[PDB]
DNA sequence: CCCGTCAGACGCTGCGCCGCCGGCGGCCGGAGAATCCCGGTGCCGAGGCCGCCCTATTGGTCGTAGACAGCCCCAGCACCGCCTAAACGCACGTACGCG
C-alpha cells in the first residue's frame, strides 16, 4: 500500500496531519471528529493568505 | 438815529476734502536647510541544498457517543378588559455655554 498526505487530499498546503495531533494533545476535548481539523487547517490558510 | 424787519455779510460751527501716515494685508523672491533621491560599493544571510529520521499515513476494530424516534407537557404567547401613573406638551428664564 502507498500513502498520500491528507493536505493534498484536501488540496491544501497547511499540515492537517500535524495540526490534528495538536488538538489531540491540547485537551480541548477527549474525542475529535475527523472532519474538524480538515476544516480548521483550511481556515488558517485563508487567514494567512489574507494578510501577506 | 436807532430800532425794526428783512436782507445781506461775517463768524462760527460742522463737514468734507485733502494730504499724510500709518498700519495692515497681501504677495512674492529667494536664500538655505533641511529632505530626497541617485549612483557606487560590499557584504552576510537569505536561500538554497543535502542527510536523515519520527511522525504522518495505512489497515484493522470495537464499542460507544450520538443520532433519532418518540413522547409528555409546561409555559410562552394571545388576547382581553380596567386601571393610572406615566408620559407628553409647553412655558419660563436663568444659567452654562461659548466667544
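Residue numbers (full-length UniProt numbering): 13 to 64. Built from N, CA and C at the ideal position, the CB exists for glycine as well.
(message) Just to confirm my understanding: we take residue 32, look at its own chain, exclude 5 residues before and 5 after, and list those with CB closer than 6 Å. What are they?
(response) The residues 49, in chain order, have a CB closer than 6 Å to that of residue 32 in the same chain once the five nearest residues on each side in sequence are set aside.
(message) Distance check for residue 44 and residue 38, CA to CA, integer angstroms please.
(response) Going by the C-alpha atoms only, they are around 11 Å apart.
(message) Just verifying my parser: in three-state terms, what is the DSSP assignment at residue 52?
(response) Three-state DSSP puts residue 52 in a helix.
(request) Excluding the 5 residues preceding and the 5 following residue 19 in the sequence, name in chain order all residues of the same chain whose CB lies nearer than 8 Å to its CB. (result) So the list reads 25, 26, 27, 28, 29 and 53, once near-sequence residues are dropped.
(message) In whole angstroms, give me the CA-to-CA distance for residue 58 and residue 16.
(response) In a straight line, the C-alpha of residue 58 is about 23 Å away from that of residue 16.
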